[PDB]
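Shown next as structure tokens: one chain only, the form deposited in one PDB entry.
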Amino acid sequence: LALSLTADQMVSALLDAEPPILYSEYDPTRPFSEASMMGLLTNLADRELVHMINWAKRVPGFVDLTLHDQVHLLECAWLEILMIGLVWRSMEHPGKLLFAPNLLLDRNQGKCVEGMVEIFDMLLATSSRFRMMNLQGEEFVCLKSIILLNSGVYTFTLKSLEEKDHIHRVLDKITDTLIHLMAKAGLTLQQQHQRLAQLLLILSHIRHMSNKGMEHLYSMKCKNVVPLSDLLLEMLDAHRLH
């Protein structure tokens, strides 16, 4: 059970669960267009989703949930999870986003893509914030797992309450884990609570980016810019956008 894991054991589990870094199908023979750039990014996102599903199954407590509830959490959180991973990989690349090792973009490179620049700017700002805070990998994996469990929990009869309570108990364990990591790292008691709040407050901005990014992807689909894979179409359709 996830509830009996120690903090060290929780971190080890999340760290071993980490998905691989995937490469893009970037073709340097031709210039980008709006369509080709969107094709590369959505092809990448689609391949990542399969790995994300298999990562979620390894997050302590996730497989205790009903299949309906697992679907709901992933449907709610998938873009947030892709974004936090992107912002993490981009930390050491000021001014650029590392979508893949062979696809590192600055803000001018995708300027052909309508509506991109607001989102690019927010993602860059978040990566800069993580860098400034000196976010550690152990903290990152805790935050990513918090996004999975938290984002969809509020939009979940007797059975529902126990599912909710379970998610909340696991989230509490992750809070304990973050605090333990901070303490082990030498932070004072006051710095621990200040840092915990700073990290969790960033998750509000990640939600905001996800909502904007979902509307952007919807606009690209609705304009026939890029064909989305069946899975991506389903993840997008879960958000019931206009």
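What we label the rigid core is the largest C-alpha set whose atoms superpose within 1.5 Å from one form to the other. Note that residue numbering follows the sequence shown and begins at 1. Residues that one form lacks are left out of the comparison.
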{"item": "Unmodelled in at least a third of other entries of this protein, residue 87", "value": "no"}
{"item": "Coordinates lacking for residue 156, a third or more of other entries", "value": "yes"}
{"item": "Residue 156 to residue 157: deposited residues without atomic coordinates", "value": "1 to 3"}
{"item": "66-74 versus 170-178 - which carries the larger mean C-alpha B factor in the record", "value": "170-178"}
{"item": "Between 111-119 and 135-143 (mean CA B-factor, as deposited), the higher", "value": "111-119"}
{"item": "Residue with maximal Cα B-factor (values as given in the PDB entry) among 215, 34, 46, 27", "value": "27"}
{"item": "Modelled-residue ranking by C-alpha temperature factor, third containing residue 58", "value": "middle"}
{"item": "Among modelled residues of the same chain, the CA temperature factor third for residue 126", "value": "middle"}
{"item": "Chain-wide C-alpha B factor ranking for residue 151, given as lowest, middle or highest third", "value": "middle"}
{"item": "Relative C-alpha B-factor of residue 93, binned into the chain's lowest, middle or highest third", "value": "middle"}
{"item": "Residue 187 - Cα temperature factor, lowest/middle/highest third of chain", "value": "middle"}
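Although it is not shown, the form deposited in another entry is what the next lines describe.
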| property | result |
| --- | --- |
| Is_shifted residue 30 between the shown form and the other one (CA, 2 Å cut-off, rigid core) | yes |
| Shift of residue 9 between the shown form and the other one at or above 2 Å (CA, core fit) | no |
| Core-aligned CA displacement of residue 220 at least 2 Å between the shown form and the other one | yes |
| Closer or farther in the other entry: C-alpha pair residue 223, residue 228 (3 angstroms or more) | closer |
| Note on residue 104-residue 222 C-alpha separation in the other entry, which departs from the shown form by 3 angstroms or more | closer |
| Structural rearrangement between the shown form and the other one, runs of 3 or more with C-alpha shift of 2 angstroms or more, core superposed | 26-32, 219-223 |
